[PDB]
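To start, the structure under review is shown below, and the notes come after it.
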Amino acid sequence: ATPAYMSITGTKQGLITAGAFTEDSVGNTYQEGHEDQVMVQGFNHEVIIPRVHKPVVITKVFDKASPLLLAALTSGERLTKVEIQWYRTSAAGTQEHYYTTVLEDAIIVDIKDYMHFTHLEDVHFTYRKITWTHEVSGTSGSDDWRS
Amino acid sequence: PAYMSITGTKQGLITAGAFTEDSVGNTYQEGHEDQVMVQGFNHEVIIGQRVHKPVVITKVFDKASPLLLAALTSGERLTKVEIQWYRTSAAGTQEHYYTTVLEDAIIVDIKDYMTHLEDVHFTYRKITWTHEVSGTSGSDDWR
Amino acid sequence: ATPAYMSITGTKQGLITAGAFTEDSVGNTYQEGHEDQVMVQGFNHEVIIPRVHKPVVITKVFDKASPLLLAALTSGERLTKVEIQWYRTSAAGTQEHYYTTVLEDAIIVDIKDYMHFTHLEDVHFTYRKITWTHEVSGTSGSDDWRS
Amino acid sequence: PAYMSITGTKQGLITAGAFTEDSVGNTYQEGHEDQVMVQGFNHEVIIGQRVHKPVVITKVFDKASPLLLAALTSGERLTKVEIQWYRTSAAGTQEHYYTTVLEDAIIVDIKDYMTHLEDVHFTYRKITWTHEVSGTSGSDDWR
Amino acid sequence: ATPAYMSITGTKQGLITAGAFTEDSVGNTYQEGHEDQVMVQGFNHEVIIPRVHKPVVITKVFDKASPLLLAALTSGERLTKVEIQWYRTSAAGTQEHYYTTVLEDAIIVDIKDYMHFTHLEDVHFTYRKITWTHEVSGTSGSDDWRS
Amino acid sequence: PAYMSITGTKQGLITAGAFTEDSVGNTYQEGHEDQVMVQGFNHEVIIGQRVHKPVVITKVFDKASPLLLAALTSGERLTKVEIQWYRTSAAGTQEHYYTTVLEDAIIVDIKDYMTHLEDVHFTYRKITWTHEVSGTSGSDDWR
């Protein structure tokens, strides 16, 4: 309904989310239109003034990317771009992309696999920079990670 | 429900066009175009002289969001944060019946999370409280 | 149903709950019969033997008193009388006042405004003395705050 | 459900007329007029010799309440706190099937809260446990 | 449905669970077939490698044994055998005993009485040894308590 | 759902006949006779080089259980713990689509509790992850 979809390009692995939202990768969960992304079912992030950024935290289900993301994590591989695309039901009753969150030069700092979409997986990124854009109303803003 | 307006020293009306179709999609409801909807609030004063805590508000992702996240990373002094609270009147009509206004508030924390929500904390220099229908009010400097 | 209603008289402000449970003050929540009180939707208090009293803690919704109570709190104003009246459904099927809790020379020590009756507000009083009376059965007892 | 009786050294039967119309309004149920209804219980013994914990009971606001709050602020030694537990018998009838009796119990904490409830803690000198239908029993000094 | 039943034999008291699951002892809860046991409605236990055993923890309702178990606890009485019998719905639709847990030379280390089967009671045993047996498939294993 | 196989150095296939009528009664489902059903999983890797956490799995009481509790009290090195994850395929059929395999895993904690459940923790020397339908994989030494 109002899910996010994500893409990862790793310096070593290329597009990590390639063919990752497909019948093969997700099975009965598959919906067309986002075949080279991953279906984000979670999100948490926080910037505070004691600025200090906190790691970005997404949640997905087990998939084609998953074994790759671990490789990423355990390898210490810099992620050239992680880009989170936000979706909503528009005012005219159609699904639309209306917000973007984007990491530049991100690094995966931890992963947790757990069963509760019953097969789950949270992934955490730090990054050198993050950009928030509103896609319909045209507002945008970005910033450099601190601490 | 509540609607909030934020005017900052750099950006002006940060909440301009923030409750429109473009901003919040299907959730749009005419009448509060230059206000962000607030559906969560937290604030506290505790007692020897009183000390203040930050006002926390929860909103959804909208046009204001990136501006807000800017207001926080910049350190921009919010001239006015104004929260108008609505309720169903005794006669059966939505009415604006309360305001909580912060002067020179600052954003000291923002938490985004997932439907797609975002918490905002402000400290400030002065808070005002007014009951619009019964005509009572009070205010206090931050400490 | 089984709500409490309260009255506050402040040394400086007089009857703080005056006209505070009315259409103007509470809106659609209004029920006649308690116009000069406030509708208490919460209560917590505790006396212990390590006697030591703990602050009295009520909960209400935003109202006509609310901006006043803050004035009280931030002013350090001594409350001459806070009096909490307890209501229940009687044995004959009618609502009745059957219990009273009363503070003498109370002081408001903290307030919390929060949205969950969706607009809420907890208020805490210390006091020099508190009296508990059962109104139908005639039992009563009082005591001086300690610590 | 459970019903409790408390006789104190100063007041006598603190729970006299405590489960009547006057005391608990609509919730009244004949048969236990000189007992307060208990709908919450907590107690523990843990093990080198055993130590005791206070018996906690939860009741509603009633005629006993102010007397109880007195018993605590006075320090009055409760000669007897007696808790009789009821259940539905195998034949389909409410029956008294268990007792927990404290001797020289003391009230060491009371928590009132809101439908309108109140927790009571007792320490004591001796607790007895008896199963009324199966005819088993035990008891122990506080330590 | 899938309850456990237990037996206790104490060095001093003999069979502590004798006549303890009966009309007299449990009232309307009574089901025939386990008259000399107790109806276990809880269970918790854990063995870890920092081996170190943790106390065995069962839950029952108030009953004929209960005043006895306290005697046991407060007396420091060694329990010659506590034996927990596990029940399930078989593949052919009939209730069966399929697992056993058994303590040798156990000691009751604490009891908690509490009201939530509304009248409840958790009991904790340490022990010199515990044996786990699967009754249909024939697997078994035992061990000595450590720490 | 998931099914797990465990081969140990002393016992061989610890999960042999562990998902049969004899083992799990009414819950039996043909096709995975030498696998224990896993209906709960927890595992984590966190980041300067990576460190591993134990894989936790939850199962019911079954034929494997006492063997498992032995594997823990003995200290027996598990040659292979293999977890195959199933899902409903896009075409509407249960399919094995993922594996998590531990090499030389050790049981470092077991928690039994009540319908009748049991948690197992393994540390290990090497974990592998493979996506069976999309053909991706990774693995890592414990640290």
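Excluded from the calculations below are hydrogen atoms, water molecules and symmetry mates; all remaining heavy atoms, backbone and side chain alike, are included. To find a chain, count down the sequence lines: A is the first, B the second, and so on, and within it residues start at 1.
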### Contact origin within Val55(B) toward chain C - heavy atom pairs under 4.5 Å
neither

### Task
List the steps and the verdict of side chain to side chain contact (heavy atoms under 4.5 Å, CB included) for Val45(B) and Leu73(C).
CA-CA 8 Å; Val45(B) 174; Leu73(C) 185 191; 3.8 Å; yes

### Task
Mind checking the CD1-CD1 spacing from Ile107(C) to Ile47(B)? Nearest 0.5 Å is all I need.
9.0 Å

### Query
Of all heavy-atom pairs between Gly138(B) and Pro67(C), which one has the smallest distance, and what is that distance?
N-CB, 3.9 Å

Output all donor-acceptor pairs under 3.5 Å across chain B and chain C; consider backbone as well as side chains.
{"from": "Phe41(B)", "atom 1": "O", "to": "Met115(C)", "atom 2": "N", "distance (Å)": "3.0"}
{"from": "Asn42(B)", "atom 1": "OD1", "to": "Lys112(C)", "atom 2": "NZ", "distance (Å)": "3.3"}
{"from": "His43(B)", "atom 1": "N", "to": "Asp113(C)", "atom 2": "O", "distance (Å)": "2.8"}
{"from": "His43(B)", "atom 1": "O", "to": "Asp113(C)", "atom 2": "N", "distance (Å)": "2.8"}
{"from": "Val45(B)", "atom 1": "N", "to": "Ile111(C)", "atom 2": "O", "distance (Å)": "3.0"}
{"from": "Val45(B)", "atom 1": "O", "to": "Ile111(C)", "atom 2": "N", "distance (Å)": "2.8"}
{"from": "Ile47(B)", "atom 1": "N", "to": "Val109(C)", "atom 2": "O", "distance (Å)": "2.6"}
{"from": "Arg87(B)", "atom 1": "NH1", "to": "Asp24(C)", "atom 2": "O", "distance (Å)": "3.4"}
{"from": "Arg87(B)", "atom 1": "NH1", "to": "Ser25(C)", "atom 2": "O", "distance (Å)": "2.9"}
{"from": "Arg87(B)", "atom 1": "NH2", "to": "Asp24(C)", "atom 2": "O", "distance (Å)": "2.6"}
{"from": "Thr88(B)", "atom 1": "O", "to": "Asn28(C)", "atom 2": "N", "distance (Å)": "3.1"}
{"from": "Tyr97(B)", "atom 1": "OH", "to": "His119(C)", "atom 2": "ND1", "distance (Å)": "2.6"}
{"from": "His131(B)", "atom 1": "ND1", "to": "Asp63(C)", "atom 2": "O", "distance (Å)": "3.2"}
{"from": "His131(B)", "atom 1": "ND1", "to": "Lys64(C)", "atom 2": "N", "distance (Å)": "3.4"}
{"from": "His131(B)", "atom 1": "NE2", "to": "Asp24(C)", "atom 2": "O", "distance (Å)": "3.3"}
{"from": "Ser134(B)", "atom 1": "OG", "to": "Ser25(C)", "atom 2": "N", "distance (Å)": "3.2"}
{"from": "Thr136(B)", "atom 1": "OG1", "to": "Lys64(C)", "atom 2": "O", "distance (Å)": "2.8"}

### Message
Please identify, among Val109(C), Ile108(C), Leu68(C), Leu69(C), the residue contributing the most non-hydrogen atom pairs under 4.5 Å to chain B.
### Response
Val109(C)

### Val60(B): side chain to side chain contact (heavy atoms under 4.5 Å, CB included) partners, not counting sequence neighbours
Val24(B), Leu117(B)

